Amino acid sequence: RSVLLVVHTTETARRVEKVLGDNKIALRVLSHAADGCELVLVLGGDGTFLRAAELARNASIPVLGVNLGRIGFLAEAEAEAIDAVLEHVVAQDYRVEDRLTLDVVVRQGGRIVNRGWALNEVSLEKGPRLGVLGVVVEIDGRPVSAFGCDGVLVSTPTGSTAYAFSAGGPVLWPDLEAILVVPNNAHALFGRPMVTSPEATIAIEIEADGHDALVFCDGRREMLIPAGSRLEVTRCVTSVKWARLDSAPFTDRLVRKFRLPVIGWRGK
């Protein structure tokens, strides 16, 4: 019964990790394959959740988040319930569910030059602080737009709230399976975001007569993209496991975090 605790920097940790021992439940701690475990409890923020998930993916085991600082769409519950959750942690009665996670592939000269993945988003951005990245977006073999820009986002629904949102993207509930593509500061009449199927295949072609570009997956992982190659993203067959439980629905998390006037509502 080994669990892999992960905390941001975060003092209610020892509490949990002690209460976990009392139920003869092994425990490791972190801030790097931490295998063998059963679950991956994480206390912190969404940027923390992501890190923790980067571990669970590998080990092929559930993730579970507990918010500390600010609010996070990725958190399952607050710190005012560390015991309740904990209780479920041991009881192992939380429902696990696979979550749409992306699979990124750079391909040059028809050959796979690199490989990555994203449980949240895939951001392609220009290299030089100056100028614009010439690019071509193509969905399912056919190309939609040819424009210069700061980059292009490709995110899961869960990442629509993140940089996608900032970029101009629309909100998408977490339980929906699709793919968001948001041009980033395009210099074109048409530059609206696009939503596709979980099976669609999104590919972006980096201009060949230009500098290089970078790719950031979930803000953490990076990878240089050599001019004239092509970023192809699709639904990874290997999804991130998530521990679920009676939690605040995404609709409330959105109102909280953004402070949306919900006054006047009656209900059904």
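So that there is no doubt, residue numbering starts at 1 and follows the sequence shown.
- The entry shows an unbroken chain from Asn23 to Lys24, with no unmodelled residues of the deposited sequence in between.
- Going from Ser31 to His32, you skip over 10 or more residues of the deposited sequence that the entry leaves unmodelled.
- Mean CA temperature factor is higher for 63-71 when stretches 209-217 and 63-71 are set side by side in the entry.
- For the two regions 175-183 and 91-99, the entry's Cα B-factors average higher over 91-99.
- When the C-alpha B factors of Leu133, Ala118, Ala77, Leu124 are read from the deposited coordinates, the top value falls at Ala77.
- Comparing C-alpha B-factors across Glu232, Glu38, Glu199, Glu222 in the deposited entry, the largest value falls on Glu38.
- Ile204: CA B factor lies in the lowest third for its chain, per the PDB record.
- When the modelled residues of the chain are ordered by C-alpha B-factor, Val137 sits in the lowest third.
- Per-chain ranking of the deposited C-alpha B factor places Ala84 in the highest third.
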